[PDB]
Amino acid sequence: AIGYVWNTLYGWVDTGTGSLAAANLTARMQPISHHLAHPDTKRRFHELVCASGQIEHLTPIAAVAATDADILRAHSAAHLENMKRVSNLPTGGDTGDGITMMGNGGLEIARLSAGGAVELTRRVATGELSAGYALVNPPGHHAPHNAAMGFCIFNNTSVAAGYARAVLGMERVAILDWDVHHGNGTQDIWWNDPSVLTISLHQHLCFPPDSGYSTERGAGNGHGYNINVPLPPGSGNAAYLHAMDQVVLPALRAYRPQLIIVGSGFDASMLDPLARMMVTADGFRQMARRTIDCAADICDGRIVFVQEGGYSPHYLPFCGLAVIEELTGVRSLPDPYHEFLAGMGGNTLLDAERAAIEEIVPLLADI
């Protein structure tokens, strides 16, 4: 039994008329119909899940709105009120950073997104479901304790981990983030806390700026329980898999969490505009396979995938379907881009990719 969350409203997120920042007449930034982060990309993933027949092998899980209490396990009271404030606006607006807009009443979607991750987590921890994928939107991993950041209103995976901790009585949770951008928000929230291990693989210095160095390791009792794996631009399947086997899986095995949550972004894909990595659907399949198999060994298979980024409306759906096919064990479709992307490279571990991954190995000893 594999849980699956999609709520119609995830496809209704209002990203405005700009590309990234707002449309801007002085700067001569022409309005456009599809902002980089337009919800269509993730809706296409859902429709592919359905049209492929994969949905026949899933157990649909209705999202429940994250309460104020759920949100406060990961965020400050000032953050929550500010988001209520912004959501009350006639056309809503920018949440603070200039690129993260909430539409009017947008808070309802932000609660359903966080809440989808919570509900899926609850039913897996219960033993109703062995595992699941929550295809939520807006994403979560850039939102720190006290802010919205980089399209993220609330930190979905941290709301879920906070629920696993406080309500389900779990002692140890791991959050593995393979969205191509640094999970700065998740790092921030659990910084001082050894009871949540946070692992981020990312393109070095992609987003946020000046963030996600390997020297960011947590603090206090949480020192040694934040792991960053910054990778050079151009890294593909070989680099990601090397990183899985040499860093991620050993970290997880050393840590012994009771639940693995995956911040699952597909913006490391070969065709993504918002990074320069070369991962293909098979790369993501192989990453999902190894993490699921790891979960089966160390925490009775309790693994929850939660949607993060990815900006290719053409390719993301097939990267996403590959991960769901690994959960259900049922293959629906080939990757119709495979032969096209195959010759492009990324499948060889380059010396500089190896050196980047080898820098993190010593950190394993402190877990």
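One rule holds for the numbers: they count along the sequence shown, beginning at 1. Take the two forms, superpose them, and find the largest set of C-alpha atoms that agree within 1.5 Å; that set is the rigid core.
Student: Is 84 to 92 or 230 to 238 the stretch whose C-alphas end up farther from this model in 8 other deposited structures of this protein after a rigid core fit?
Tutor: Comparing 230 to 238 with 84 to 92, the one that moves more in 8 other deposited structures of this protein is 84 to 92.
Student: Between 267 to 275 and 94 to 102, pick out the one whose C-alpha positions differ more from the shown form in 8 other deposited structures of this protein, using the rigid core for superposition.
Tutor: Of the two stretches, the larger average C-alpha offset in 8 other deposited structures of this protein falls on 94 to 102.
Student: Per the record, averaged over C-alpha atoms, which has the higher B-factor: 103 to 111 or 255 to 263?
Tutor: 103 to 111 has the higher mean C-alpha B-factor.
Student: Looking at the entry, does 42 to 50 or 27 to 35 show the higher mean C-alpha B-factor?
Tutor: Averaging CA B-factors over each stretch, the winner is 27 to 35.
Student: According to the Cα B-factor stored in this entry, which of the following is highest: 125, 227, 281, 175?
Tutor: Among 125, 227, 281, 175, the highest C-alpha B-factor in the entry belongs to 125.
Student: Highest Cα B-factor in the deposition, which of 200, 137, 95, 186?
Tutor: Of 200, 137, 95, 186, 95 has the highest C-alpha B-factor.
Student: Would the CA B-factor of residue 81 place it in the lowest, middle or highest third of its chain?
Tutor: Tercile = highest for this residue's CA B-factor.
Student: Looking at the entry's B-factor column for C-alpha atoms only, identify whether residue 346 ranks in the lowest, middle or highest third of its chain.
Tutor: Ranked within chain, residue 346 CA B lands in the middle tercile.
Student: Can you tell me which third, lowest, middle or highest, the CA B-factor of residue 194 falls into for its chain?
Tutor: For residue 194, the deposited C-alpha B-factor lands in the middle third.
Student: Which third, lowest, middle or highest, does the CA B-factor of residue 272 fall in along this chain?
Tutor: It falls in the bottom third of the chain.
Student: What third of its chain, lowest, middle or highest, does the C-alpha temperature factor of residue 290 fall into?
Tutor: Middle third of the chain for residue 290's C-alpha B-factor.
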